[PDB]
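Analysis of the macromolecular model
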Amino acid sequence: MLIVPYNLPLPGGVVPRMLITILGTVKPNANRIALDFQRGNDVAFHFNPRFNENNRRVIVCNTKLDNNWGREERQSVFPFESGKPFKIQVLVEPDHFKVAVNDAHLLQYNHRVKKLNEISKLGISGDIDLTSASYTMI
Ligand SMILES: O=C(NC[C@@H]1O[C@H](CO)[C@H](O)[C@H](n2cc(-c3cc(F)c(F)c(F)c3)nn2)[C@H]1O)c1ccc(F)c2ccccc12
Ligand SMILES: [Cl-]
Ligand SMILES: [Cl-]
Ligand SMILES: [Cl-]
């Protein structure tokens, strides 16, 4: 019910206490999903489930500055399943983005991009049916 890739404007950027909620369903034969919190052409926070990286499922997080990817942060907890509905919650906290999937804490990602108020778009892409994408202040 939303078209992927989908752009969600974040007006005035992000700020601590801002909660972003993404609902959708992973496609049957999924390979990849990405959420990109963007500051212009930079990617402040890339959140990238890979369903088949050398026959392993991994989430890769990173930042893109001046077209260059930095040091990846990985982990092995992988809550997504092909064919199944998911909820991703991204809570902006003072020193990191905090991600929970299906109401279970997954990971945190320390802020590398410091101008939070310039992180003004969220891109959602890859092998999903996207139901909804929104934000609220908690
Ligand atoms: O391409 C690999 N790595 C290089 C780069 O790593 C970055 C993070 O450090 C971004 O994820 C880069 N990236 C990812 C995307 C992307 C685009 C989309 F439209 C999506 F829907 C999506 F989910 C992801 N765009 N840029 C990626 O190309 C990669 C290397 C070795 C392996 F073995 C891989 C196995 C499966 C998938 C990817 C690989
Ligand atoms: Cl910055
Ligand atoms: Cl700021
Ligand atoms: Cl896409």
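Residues numbered from 1 in each chain as written, not as in the entry; some residues may be left out. Chains lettered and ligands numbered in written order. Heavy atoms only, no water.

Observations concerning the site of ligand 1
Among the 14 residues in the neighbourhood of ligand 1, the closest are listed as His46, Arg50, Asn62, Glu72 and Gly126. A distance of 3.1 Å separates an oxygen atom of ligand 1 from a polar side-chain atom of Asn48. The side chain of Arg50 places a nitrogen or oxygen atom 2.9 Å from an oxygen atom of ligand 1. In the complex, 62% of the free accessible area of ligand 1, which totals 750 Å², lies under the protein chains. Among the elements of the structure, β3 (33-39), β4 (42-53) and β11 (121-126) are those that each provide at least two residues to the shell around ligand 1. (Near = heavy atom within 4 Å. Polar contact = N/O pair within 3.5 Å; in protein donor to acceptor, adjacent residues only side chain to side chain. Areas by Shrake-Rupley, 256 points an atom, 1.4 Å probe, with all protein chains shown as cover. Helix = DSSP H or I, 4+ residues; strand = E, 2+ residues; numbered from the N terminus.)

Some details on the pattern of salt bridges
Under the defined criterion, the tally for this structure stands at 11 salt bridges. Across the pair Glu53 and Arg74 runs a salt bridge, and its minimum N-O distance is 2.7 Å. Taken together, the residues span a long stretch of sequence, with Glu53 in strand β4 and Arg74 in strand β7 (residues 73-75) at a distance of 21 residues. On the accessibility criterion, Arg74 (40% relative accessible area) is partly exposed. Measuring nitrogen to oxygen at the nearest pair gives 3.0 Å for the salt bridge that ties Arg57 to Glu81. Of this pair, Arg57 sits in strand β5 (residues 56-65) while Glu81 is found in the loop between β7 and β8 (85-92), placing the two residues 24 residues apart along the sequence. Owing to a relative accessible area of 35%, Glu81 belongs among the partly exposed residues under this scheme. Among the ionic contacts, a cluster of salt bridges with common partners joins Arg50, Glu53, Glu72 and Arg74. (Salt bridge = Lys/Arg side-chain N within 4 Å of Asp/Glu carboxyl O. Buried < 20%, exposed > 50% of the residue type's maximum accessible area, 1.4 Å probe, protein only.)

What about the UniProt feature "domain: Galectin" in the chain?
Summarizing the sequence annotation, UniProt attributes the feature "domain: Galectin" to residues 6-136 in the numbering used throughout. Segment residues 6-136 splits into 0% helix and 63% strand. End C-alpha atoms: 18 Å apart. (UniProt positions renumbered as here; feature names shortened; annotations may be inferred.)

Focus: the environment of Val26
Mapped onto the elements, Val26 comes out in strand β2 (residues 18-26). Between the C-alpha atom of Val26 and that of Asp127, which follows or precedes it by 101 residues, the distance is 6.2 Å. Those residues in contact with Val26 that lie beyond four places of it in its chain are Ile33, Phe51, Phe80, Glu81, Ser82, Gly83, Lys84, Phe86, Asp127 and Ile128. (Contact = heavy atoms within 4.5 Å.)

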